[PDB]
Amino acid sequence: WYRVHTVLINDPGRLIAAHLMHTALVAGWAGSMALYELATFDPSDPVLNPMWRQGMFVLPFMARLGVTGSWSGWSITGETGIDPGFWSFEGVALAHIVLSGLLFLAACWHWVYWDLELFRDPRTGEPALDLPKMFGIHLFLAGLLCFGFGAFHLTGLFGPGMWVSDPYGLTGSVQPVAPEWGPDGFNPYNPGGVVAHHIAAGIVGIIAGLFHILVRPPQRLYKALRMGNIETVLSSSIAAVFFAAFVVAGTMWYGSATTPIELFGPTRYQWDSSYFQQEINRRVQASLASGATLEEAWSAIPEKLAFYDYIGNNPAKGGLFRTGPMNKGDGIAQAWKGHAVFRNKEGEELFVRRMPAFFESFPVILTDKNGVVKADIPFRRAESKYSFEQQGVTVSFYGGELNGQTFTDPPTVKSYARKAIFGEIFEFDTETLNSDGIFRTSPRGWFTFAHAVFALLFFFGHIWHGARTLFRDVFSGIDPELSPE
Amino acid sequence: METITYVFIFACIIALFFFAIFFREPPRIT
Amino acid sequence: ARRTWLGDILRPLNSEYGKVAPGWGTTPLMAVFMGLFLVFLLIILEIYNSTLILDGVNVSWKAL
Amino acid sequence: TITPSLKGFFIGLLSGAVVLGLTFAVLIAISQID
Amino acid sequence: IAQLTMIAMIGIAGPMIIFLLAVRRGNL
Amino acid sequence: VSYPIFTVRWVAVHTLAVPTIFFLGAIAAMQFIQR
Amino acid sequence: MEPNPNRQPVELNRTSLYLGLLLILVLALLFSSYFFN
Amino acid sequence: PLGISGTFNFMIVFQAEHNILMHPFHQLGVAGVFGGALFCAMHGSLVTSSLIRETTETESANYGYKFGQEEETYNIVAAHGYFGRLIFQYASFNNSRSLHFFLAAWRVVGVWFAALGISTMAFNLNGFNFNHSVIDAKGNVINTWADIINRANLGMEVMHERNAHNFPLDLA
Amino acid sequence: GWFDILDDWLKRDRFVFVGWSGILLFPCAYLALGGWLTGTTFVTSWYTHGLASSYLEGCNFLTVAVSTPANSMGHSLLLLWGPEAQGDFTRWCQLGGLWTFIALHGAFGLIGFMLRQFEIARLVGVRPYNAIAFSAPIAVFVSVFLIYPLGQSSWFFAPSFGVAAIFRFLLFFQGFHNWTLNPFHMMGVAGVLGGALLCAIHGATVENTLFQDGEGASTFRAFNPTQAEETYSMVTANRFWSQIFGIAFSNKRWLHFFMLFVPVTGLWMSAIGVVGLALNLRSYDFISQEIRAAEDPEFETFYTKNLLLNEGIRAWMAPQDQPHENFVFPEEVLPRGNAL
Amino acid sequence: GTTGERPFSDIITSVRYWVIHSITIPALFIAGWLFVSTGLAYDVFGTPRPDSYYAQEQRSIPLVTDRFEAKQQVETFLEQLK
Amino acid sequence: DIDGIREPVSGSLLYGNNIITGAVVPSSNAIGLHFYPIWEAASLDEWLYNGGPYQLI
Amino acid sequence: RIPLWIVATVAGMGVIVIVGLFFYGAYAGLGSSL
Ligand SMILES: CCCCCCCCCCCCCCCCCC(=O)OC[C@H](CO[C@@H]1O[C@H](CO[C@H]2O[C@H](CO)[C@H](O)[C@H](O)[C@H]2O)[C@H](O)[C@H](O)[C@H]1O)OC(=O)CCCCCCCCCCCCCCCCC
Ligand code: CLA
Ligand code: CLA
Ligand code: CLA
Ligand code: CLA
Ligand code: CLA
Ligand SMILES: C=Cc1c(C)c2cc3nc(c4c5[nH]c(cc6nc(cc1[nH]2)C(C)=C6CC)c(C)c5C(=O)[C@@H]4C(=O)OC)[C@@H](CCC(=O)OC/C=C(\C)CCC[C@H](C)CCC[C@@H](C)CCCC(C)C)[C@@H]3C
Ligand SMILES: CCCCCCCCCCCCCCCC(=O)O[C@H](COC(=O)CCCCCCCCCCCC)CO[C@@H]1O[C@@H](CO)[C@H](O)[C@H](O)[C@@H]1O
Ligand SMILES: CCCCCCCCCCCCCCCC(=O)O[C@H](COC(=O)CCCCCCCCCCCC)CO[C@@H]1O[C@@H](CO)[C@H](O)[C@H](O)[C@@H]1O
Ligand SMILES: CC1=C(/C=C/C(C)=C/C=C\C(C)=C\C=C/C=C(C)/C=C/C=C(C)/C=C/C2=C(C)CCCC2(C)C)C(C)(C)CCC1
Ligand SMILES: CC1=C(\C=C/C(C)=C/C=C\C(C)=C\C=C\C=C(C)\C=C\C=C(C)\C=C\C2=C(C)CCCC2(C)C)C(C)(C)CCC1
């Protein structure tokens with residue numbers, strides 16, 4: 001077995017059929033996943049139950065590049081009276097599906113029809129491949145198909161722009177983007193720096209292609225690096241795959257215009273930046289500072305936005321064996337309960353110290369501004385000084401669903417402080433899919449975790465294959481006859 | 001289940017043990 | 001070796017096998033594009049890593 | 001343009017080069033001397 | 001103040017009993 | 001035989017060797033200090 | 001369509017599994033519970 | 001306690017009653033264990049890294065040895081020529097018997113120590129105590145890394161065997 | 001051919017081989033091993049962890065280290081001319097500068113050194129199984145010094161170069177991560193243990209198998225170096241285990257390639273799991289458990305016991321461990337058994 | 001096998017060595033010891049004099065607050081103690 | 001019931017249905033360093049409460 | 001020509017003696033408990 005797939009190192013006959021297949025199991029898995037993802041993505045709501053909530057791993061990737069309409073009649077937007085044509089999550093899925101059984105079909109040709117004309121080198125009576133040449137055109141091609149990416153697609157000159165949203169998950173929407181190659185054209189967030197990239201390196205990917213197709217491989221390189229041995233190109237690439245691998249699994253973790261929030265999830269660093277908060281709050285401040293009441297203020301801040309400031313939507317809190325869509329964890333987010341401010345007899349506005357990343361558990365501590373401890377639910381009750389009740393705290397909700405109320409009975413208050421440590425409290429439907437109560441990471445995070453072991457494992461034999469490359473001769477064994485050296 | 005699932009995978013390692021200390025394929029001396 | 005329509009039209013593309021060239025010959029022109037590249041990669045690396053703060057370049061979600 | 005860290009980045013580039021030019025220029029001195 | 005002298009003396013004593021024994025030569 | 005002293009197997013030695021005899025030397029000062 | 005020469009026999013010895021059958025079956029026991037969660 | 005997790009409990013308790021991670025003994029278990037791992041990789045490495053030539057990927061290379069033969073499938077000096085070349089010579093092993101021994105030398109030597117370490121603390125001669133050690137001029141307490149280690153200890157210290165002792169000092 | 005002139009010198013069998021690798025391996029592998037020592041004995045981390053590092057501060061060998069930078073930093077590579085120190089060794093020294101440093105140089109030293117194997121074994125002429133065996137280690141370091149940090153909060157939370165420094169790192173993981181319960185790490189263990197077991201099972205399996213192919217009562221003069229064939233009869237030893245522990249070897253060819261696997265293998269395992277800790281995506285809870293625990297004050301498993309430790313080894317820690325997140329912990333609030 | 005080995009295995013016994021080295025060792029030892037005995041060390045890496053950790057009074061810790069202007073903090077956080 | 005207090009902590013399978021969880025629990029302080037020979041427990045059920053199985057093994 | 005042996009004893013004191021200063025500075029140093 002350990003060598004059972006070596007039967008192709010030579011004859012690119014039954015070798016293409018291999019690639020022709022893996023690559024039909026890939027798109028074979030394509031749409032099939034979508035029908036699955038598709039067959040369980042409750043679209044009914046995009047504000048408290050976005051695709052990225054109910055773990056959806058393939059869906060998110062479609063939207064980004066365009067397909068956002070579905071033959072069901074909806075859209076990951078909210079809108080109900082549109083519908084792209086055959087290019088709805090339906091066809092998209094269906095598409096690959098046909099492709100697989102389609103590619104499969106041909107994969108056959110190439111095993112039975114292994115001995116092929118152009119398959120061998122003329123001058124000699126044996127099979128071989130002008131690598132530097134095939135690369136020449138494959139490369140070139142890459143470039144041209146690329147190039148047009150920004151050229152029409154991403155720009156719209158011919159196609160759906162791409163998904164782009166403004167600073168806070170809110171108004172995201174698939175839309176054309178015009179390149180911007182000034183400096184900012186290099187901000188992982190500036191969409192234009194991605195449609196200007198793809199026209200750039202595609203154009204260049206082209207030149208290179210032409211050059212590499214024409215010019216010839218300078219000996220001291222073709223003889224230094226054992227090219228001519230299909231082996232070398234498998235290592236000279238494993239390395240490029242793992243290279244980019246590592247970074248894709250870096251974009252998801254770290255803000256990145258290709259990795260929209262509204263599509264995969266919140267940046268772990270969005271609960272670390274306290275981000276959402278400094279905003280939501282500034283909004284309660286401009287609304288409040290103008291003609292409006294504390295009760296009217298938060299009412300402005302919309303669900304979507306409040307929901308984001310919740311920890312349960314921070315991929316940071318998952319766990320390796322939290323088997324599923326975030327929804328199973330804390331429950332199916334139903335509606336926002338409304339920001340709550342805690343006070344006491346005195347009336348000072350206490351503040352609930354929050355729980356950060358690492359901790360799967362925290363102690364509810366209340367510190368007013370300036371940072372002094374003013375109340376806290378005590379594990380040790382006997383020498384309790386700040387304990388609620390004794391300083392008698394009470395919370396009041398402004399905005400949201402629980403709005404306008406003011407709770408006073410310890411038990412409850414205490415309860416809110418607990419659901420306070422998670423940030424903004426919401427009401428979860430746990431019953432439907434029988435939640436468990438153990439918030440799981442998001443796909444935004446998941447992705448990041450496989451371009452892990454898959455990136456890490458990759459590198460390692462870029463060493464092993466890249467070692468079967470330069471050490472062909474040895475392997476079978478080093479020369480049974482050497483002298484002193 | 002599980003409780004069983006666990007016992008089995010075990011009552012097996014005991015099998016695969018019996019099989020390697022008695023159905024070991026003799027080391028030949030040539 | 002079996003004949004093939006599309007096939008005849010594929011090689012020579014496949015034929016020019018050991019199409020080696022004179023000495024390392026074109027190497028320097030190559031490693032001179034890498035010099036520009038390796039720096040390239042590094043220039044963004046340091047912009048992303050928030051060490052290379054450029055004018056009018058806010059590396060945040062707040063781009064638009 | 002002309003940021004304090006664009007500058008530091010150039011200065012870093014040369015210092016990088018500085019150690020390349022010197023290490024590499026001293027490597028062939030001893031290269032061909034035996 | 002410091003008998004750090006005594007310890008070093010006692011020290012140098014036997015590792016240099018060998019010196020003299022090696023400089024006088026004496027089946028060690 | 002005909003041996004030299006300014007060999008690489010020397011440069012190496014003096015890379016880590018001398019700073020160290022310096023470091024340990026600096027150390028005694030470290031173990032006097034107080035307050 | 002003449003038979004294929006690059007078709008060598010598929011190698012595997014009677015204790016090769018005795019090495020693997022262990023590894024996988026034991027590998028199972030560990031990684032199991034984390035499945036039952 | 002014999003069972004996966006009980007191990008850990010048993011362990012964590014320990015680390016919290018004996019600074020056993022702050023031991024120049026437990027070091028020696030790691031010291032060697034963290035060695036044998038480092039070395040098993042070598043002799044296993046090099047050895048395999050030096051095999052004659054008996055099949056040419058027709059099948060495998062692990063056949064370059066029919067059992068019983070008095071030859072040595074692997075080449076000794078062909079081997080050393082490498083490690084001697086990796087880290088300067090004199091540093092790589094020349095004699096093969098002085099090699100294999102060294103392989104029981106590393107493990108056993110420290111794995112014993114550890115064995116002693118625990119066996120030592122079963123009498124309360126625990127790992128190093130540097131809590132606060134490092135001081136200030138007026139006297140403020142300047143923190144030693146090992147001071148942190150103290151909290152992650154005091155932490156487990158307090159919680160372990162909760163509600164099982166009614167006094168302030170754990171003498172066991 | 002000037003290219004061959006440089007080459008020529010370089011790879012010339014000196015006393016301690018230099019090489020092309022030498023231009024990468026050697027420098028980085030210097031300021032790193034170096035830098036460590038430099039800060040180990042002179043620099044304080046007091047402005048990042050308000051704790052003492054260097055030997056100058058009074059610190060002990062064990063209690064010394066080049067502490068990661070303040071989390072306030074992020075992952076900024078703290079260049080010397082980095083906008084952080086703006087170019088200033090003294091400060092750049094204070095802002096922890098040495099960390100990104102030591103780590104990164106060691107990064108390239110570990111690279112340069114793995115390449116240090118591929119070079120030699122290719123000149124001397126041997127299987128690339130040494131360098132290949134170095135994957136185990138590049139993983140471990142890469143997993144626990146770059147990816148971990150990067151996927152987490154700051155460079156801060158990454159290990160810190162020292163003993164007690166990493167010893168911390170350990171407890172840290174046992175606490176908020178409960179690493180000891182991970183399938184992976186429980187394999188790393190498998191490797192680092194067995195590999196050692198092998199290193200010795202075989203070690204002394206040898207010293208006590210070989211023959212009388214020398215005279216005296218000592219084995220050092222015994223045949224070699226590569227002459228007469230084999231010191232230990234793999235047959236006389238064989239039947240020793242096949243009768244004691246039931247099963248023994250055959251073919252030293254594999255026993256030398258299963259000795260490689262074991263550790264280099266298991267060691268890679270953990271390295272994966274560890275990436276998992278980056279996204280806090282770890283193995284902490286056993287659902288089936290907490291739920292059965294929740295509603296029953298009479299069900300206790302070690303698991304729960306261990307699980308309580310964590311809270312302890314966390315509540316008491318974190319505050320004085322994570323200074324930048326101004327922890328304010330009242331005496332009550334803090335969990336802790338009865339009487340202790 | 002082949003070895004371009006230089007002296008070494010004896011050069012410690014070297015009569016000239018333990019001479020031009022009965023001058024270099026101690027000349028290196030004290031060289032550093034001064035880097036210490038002076039107090040330079042501190043000023044080099046910034047390490048605090050055991051009196052310059054906390055100011056004579058205040059009990060906070062000069063934790064580097066931000067990331068881009070770090071140095072500045074340190075600056076004022078340094079002059080602090082006075 | 002390891003530690004003395006009568007608060008049995010039995011990880012196991014036919015209770016602690018898991019492999020990482022369960023294990024063989026120790027003897028109980030109660031009968032400390034004392035030899036608890038299965039044939040002491042006035043009831044095998046007693047020899048059970050008090051970690052008796054541990055020792056023997 | 002200095003006795004290769006004495007080259008090893010005079011030095012084996014260098015560590016044996018320096019580590020002795022080291023071990024003292026831990027009972028009165030800056031890193032003392034007082
Ligand atoms: C396994 C095989 C191993 C092979 C071994 C080979 C050895 C060779 C090693 C050589 C390379 C190592 C050196 C690379 C240094 C990279 C520097 C970096 O990290 O740079 C870091 C910074 C990232 O920016 C971060 O940004 C964060 C938040 O950003 C945002 O913060 C706010 C958002 O809330 C605002 O919007 C703000 O504007 C915005 O910047 C924080 O500020 C952080 O402090 C900051 O570091 O640059 C970035 O953009 C990051 C972009 C890097 C792309 C990803 C590469 C790194 C891979 C790790 C990522 C995966 C995660 C691990 C999970 C599991 C892995 C499997
Ligand atoms: C990328 C494409 C590619 C191709 C065509 C190959 C081909 C090969 N590799 Mg290989 N390899 C690759 C990528 C590839 N590798 C990558 C990215 C790595 C990580 C470094 C490796 C690491 C690696 C090692 C360590 C070894 C090989 C070996 C081999 C050869 C063994 C014979 C055979 O292939 O075994 C295939 C036979 C099998 C029975 C495969 C089943 C193995 C199971 C147990 C793995 C389970 C995975 C599967 C169920 C799901 C995988 C999905 C996921 C991996 C994406 C063969 C030439 C071996 C060598 O001897 O060369 C012959 C060898 O020791 N490879
Ligand atoms: C014929 C062209 C074509 C097109 C337009 C698509 C389009 C799509 N495929 Mg797809 N696919 C194709 C061929 C194509 N596929 C083939 C031949 C296979 C193998 C059978 C697949 C297997 C496949 C699977 C398994 C899946 C898809 C999916 C998708 C959809 C989302 C994936 C995506 O966004 O791309 C992302 C692609 C990129 C971002 C490009 C990355 C490639 C690297 C970065 C470029 C490397 C270039 C190289 C270095 C050369 C140098 C370049 C030079 C210029 C410098 C999207 C509709 C997904 C889906 O259906 O979800 C709805 C999905 O799960 N495809
Ligand atoms: C774990 C580290 C590691 C190791 C041991 C190897 C080993 C190997 N690689 Mg390789 N490689 C690596 C990482 C590694 N690689 C990475 C991260 C990439 C990204 C592309 C590659 C890409 C690559 C290609 C395309 C090829 C190889 C090949 C090889 C083999 C021979 C050539 C070679 O080694 O080049 C080693 C290359 C270097 C050591 C790079 C030089 C040092 C860099 C450029 C210094 C620049 C850093 C600079 C200071 C900037 C600062 C960074 C900043 C963030 C601080 C050999 C087995 C060849 C091969 O096996 O083909 C059959 C081959 O064609 N590699
Ligand atoms: C990456 C750099 C690095 C370095 C240099 C060290 C070094 C060390 N670690 Mg360590 N460690 C690391 C990363 C590192 N670690 C990481 C990432 C983790 C994850 C937790 C750990 C977890 C860990 C634990 C749990 C322990 C250590 C311990 C140790 C010490 C014991 C050495 C040993 O037993 O090896 C055996 C030797 C070899 C494998 C061959 C080389 C030996 C080294 C290189 C030389 C040691 C000599 C020393 C430097 C000075 C002696 C002078 C004399 C030899 C001339 C040693 C100082 C042990 C300790 O307590 O410290 C003493 C210990 O218990 N480490
Ligand atoms: C990686 C680069 C890339 C990728 C992944 C995509 C992906 C996509 N583009 Mg696109 N595009 C690109 C570059 C790319 N583009 C460039 C450079 C341009 C410049 C023109 C465009 C211009 C463009 C326009 C104008 C449009 C798109 C659209 C799309 C999407 C619809 C296609 C669909 O998903 O079915 C993919 C299905 C398959 C790949 C199936 C593969 C196998 C089947 C069987 C195909 C063949 C079946 C059968 C044999 C007959 C096929 C031919 C005939 C039937 C049509 C999405 C796939 C359309 C959009 O609306 O999509 C939602 C759209 O209108 N693009
Ligand atoms: C216990 C930890 C550990 C250490 C101490 C260690 C050390 C070493 N391993 C080496 C080799 C190997 N290790 C291997 C497998 C493994 N090694 C492992 C674990 C270790 N290996 C694990 C167990 C696997 C086995 C499962 C392979 C087989 C090799 C090699 O063949 C190689 C060897 O031949 O050794 C003889 C040597 C290569 C030297 C080098 O790369 O220099 C170049 C790098 C330098 C000089 C700069 C250091 C780079 C690092 C990143 C900088 C860190 C500096 C500080 C952190 C210093 C730490 C000290 C403080 C933290 C207290 C070196 C002595
Ligand atoms: C609840 C427990 C579950 C956990 C499992 C327990 C841990 C198992 C660790 C042992 C595995 C290492 C095997 C070494 C590989 C090898 O070398 O042994 C091979 C296979 O033997 C095996 O696999 C046999 C496995 C069963 C052995 C268990 C013994 C039971 C206890 C004995 C007590 C005696 C009083 C046989 O030979 C090998 O394979 C040969 C080809 O058949 C080749 O010659 C190879 O080079 C090699 O020699
Ligand atoms: C027989 C050998 C067999 C092999 C096993 C031997 C293992 C021995 C391990 C001992 C290591 C530490 C010793 C503690 C003594 C001590 O305490 O010295 C400390 C620094 O140590 C040190 O500087 C440790 C030196 C290790 C650095 C070596 C790294 C690589 C460089 C080598 C390159 C050479 C070319 C400084 O002491 C401090 O002294 C004062 C600070 O000046 C403080 O007040 C405290 O007293 C504090 O203890
Ligand atoms: C027939 C045909 C057709 C079609 C077909 C198709 C469409 C098919 C298919 C398909 C399919 C049916 C597919 C597939 C596949 C996929 C796959 C097969 C995948 C995979 C899997 C995997 C991959 C897995 C699993 C796992 C695990 C276990 C865990 C980890 C992860 C993983 C993934 C590894 C038509 C009529 C149209 C035409 C032609 C013919
Ligand atoms: C830093 C830096 C650099 C570099 C560096 C260096 C150069 C470092 C180093 C270094 C070093 C080089 C250090 C050192 C050292 C050492 C020491 C300080 C030591 C020691 C010790 C010891 C260790 C002793 C002893 C002993 C004994 C005898 C017993 C046991 C063992 C032992 C070994 C412990 C540069 C400028 C580039 C840049 C900046 C930064």
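What follows covers the overall build of chain A. Counting its regular elements, chain A contains 18 helices and 9 strands. Expected size for 485 residues packed as a compact globule is a radius of gyration near 23 Å; at 29 Å, chain A overshoots this value by more than 25%. Counting every position in chain A, which comprises 485 residues, the buried fraction comes to 49%. Considering only residue pairs separated by 6 or more positions, chain A has 66% of its internal contacts joining residues 24 or more positions apart. Looking at chain A as shown, the accessible area adds up to about 22200 Å², and 64% of this sits on carbon and sulfur atoms. Averaging the locations of the 35 positively and 43 negatively charged side chains of chain A gives two centres separated by 6 Å.

All names here are of chain A. Pairing within the open sheet is antiparallel, and its 3 strands lie in the order β4-β7-β8. In the strand order of this sheet, the two ends are held by β4 (340-343) and β8 (406-407), each with one partner. Strand direction decides the pairing type here: strand β7 (residues 394-397) and β8, joined by 2 bridges, are antiparallel. By the bridge assignment, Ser396 is partnered in β8 with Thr406. Running at roughly 65 degrees to β7, helix α15 (residues 410-418) makes contact with β4, β7 and β8 of the sheet.

The next subject is the domain arrangement of chain A. All names here are of chain A. Split into domains, chain A comes out as domain 1 (1-267 + 441-485) and domain 2 (268-440). Centre-to-centre separation of domain 1 and domain 2, based on C-alpha positions: 42 Å. Each side of the interface is counted separately: domain 1 has 25 residues, and domain 2 has 34 residues. Here domain 1 meets domain 2 over a buried area of about 2500 Å², counting both sides, of which 59% is carbon and sulfur. Ranking the residues of domain 1 by area buried against domain 2 places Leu48, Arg53 and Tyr168 at the top, with a combined share of 31%. One can count 1 salt bridge joining domain 1 with domain 2.

Moving on to the site of ligand 2. All names here are of chain A. Not every one of the 13 residues close to ligand 2 is listed here, only the nearest: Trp1, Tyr2, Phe460, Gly461 and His465. Within the backbone of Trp1, a nitrogen or oxygen atom sits 3.4 Å from an oxygen atom of ligand 2. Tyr2 places a main-chain nitrogen or oxygen 3.1 Å from an oxygen atom of ligand 2. If you tally residues by element for the shell around ligand 2, the top one is helix α16 (residues 443-462), at 4 residues. Here the residues of the shell around ligand 2 sort into 8 nonpolar, 4 polar and 1 charged.

Contacts to ligand 11 come from 13 residues, most closely from F:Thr20, F:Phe23, I:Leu31, I:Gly34 and I:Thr38. Near ligand 11, the surrounding residues are drawn from chains F, I and L. In isolation ligand 11 has 890 Å² of accessible area, and contact with the protein removes 54% of it. For the shell around ligand 11, the elements supplying multiple residues, two or more each, are α2 (13-30) of chain F together with α2 (25-42) of chain I. Tallying contributions element by element places α2(I) first for the shell around ligand 11, with 6 residues. A class-by-class count of the residues in the shell around ligand 11 yields 9 nonpolar, 4 polar and no charged.

Between chain I and chain H, the contact holds 99 residues from the first and 89 residues from the second. The partner of I:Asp13 in a salt bridge is H:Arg85, with the nearest N and O atoms 3.2 Å apart. At the junction of chain I with chain H, the criterion picks out 27 residue pairs in polar contact. For the side of chain I that touches chain H, the secondary structure elements donating two or more residues are α4 (98-125), α5 (129-133), α7 (163-177), α8 (185-207), α10 (252-255), α11 (258-278), α13 (302-315) and α14 (318-321) of chain I. The greatest single-element share of the side of chain I that touches chain H, amounting to 13 residues, is contributed by α8(I). Across the side of chain I that touches chain H, the residue classes break down as 56 nonpolar, 28 polar and 15 charged.

Here the protein supplies the magnesium atom of ligand 4 with just one donor, A:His462 (NE2), and that contact is 2.6 Å long. Note that A:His462 resides in helix α16.

This paragraph deals with the pattern of salt bridges. Scanning the entire structure with this criterion turns up 33 salt bridges over all chains. For A:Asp473, the salt bridge identified is with I:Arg122, shortest N-O distance 2.7 Å. With A:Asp473 in helix α18 (residues 472-475) and I:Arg122 in helix α4, this pair bridges two chains. A relative accessible area of 29% means that I:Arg122 is categorised as partly exposed. Taking the shortest distance from any N to any O, the salt bridge between H:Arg162 and I:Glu300 comes out at 2.7 Å. Here the residue H:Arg162 occupies a position in the segment after α5 (145-159), and I:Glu300 occupies one in the loop between α12 (288-294) and α13, the pair thus bridging two chains. We classify I:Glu300 as buried; its relative accessible area is 12%.

Analysis parameters
- Sequence positions in this view are assigned from 1 along each chain in the order the sequence is written. Entry numbering can differ, and residues without coordinates are absent from the display.
- Starting at A for chains and at 1 for ligands, labels are handed out in the order in which the entities are written.
- What you see is a piece of a larger assembly; the numbers all apply to this piece alone.
- Computation of side-chain values: all heavy atoms of the structure, hydrogens and water removed.
- Labels follow the DSSP assignment, with helices taken as runs of H or I lasting at least four residues and strands as runs of E lasting at least two, numbered in each case from the N terminus.
- We take the radius of gyration over the C-alpha atoms and set the globule estimate at 2.2 Å times the residue count to the 0.38 power.
- Relative accessibility decides the category of a residue: with a 1.4 Å probe and only protein chains considered, values under 20% of the type maximum give buried, values over 50% give exposed, and everything between is partly exposed.
- In this analysis, two residues are considered to be in contact whenever any of their non-hydrogen atoms come within 4.5 Å of each other.
- Note on areas: Shrake-Rupley with a 1.4 Å probe; residue coverage comes only from the protein chains shown.
- Residues counted as positive are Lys and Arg, residues counted as negative are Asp and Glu, and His and the chain ends are not counted.
- Here the site of a charge means NZ on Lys, CZ on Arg, CG on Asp, or CD on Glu.
- Here, strands pair whenever DSSP counts at least two bridges between them.
- Note on definitions: angles span 0 to 180 degrees between N-to-C directions of axes, and those axes are lines fitted to C-alpha atoms, for helices only across the stretch in contact.
- Source of the domain bounds: an automatic or database domain assignment.
- Buried area is calculated as the accessible area (1.4 Å probe) missing from two parts once they are joined, with the contributions of both summed.
- The salt bridge criterion pairs a side-chain nitrogen of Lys or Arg with a carboxyl oxygen of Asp or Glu, the two atoms within 4 Å.
- Consider each residue's heavy atoms; a residue with any of them within 4 Å of a molecule or strand counts as near.
- For this analysis, a polar contact is any N or O atom pair within 3.5 Å, provided that within protein one partner can donate a hydrogen and the other can accept it, and provided that sequence-adjacent residues contribute only side-chain to side-chain pairs.
- Side-chain classes follow a simple rule in which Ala, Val, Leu, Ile, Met, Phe, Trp, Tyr, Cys and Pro form the nonpolar group, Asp, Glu, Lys and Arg form the charged group, and the remainder, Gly included, forms the polar group.
- A donor here means any N, O or S atom no more than 2.8 Å from the metal (3.2 Å for Na, K and Ca); water is not included, so a site may seem to lack partners.

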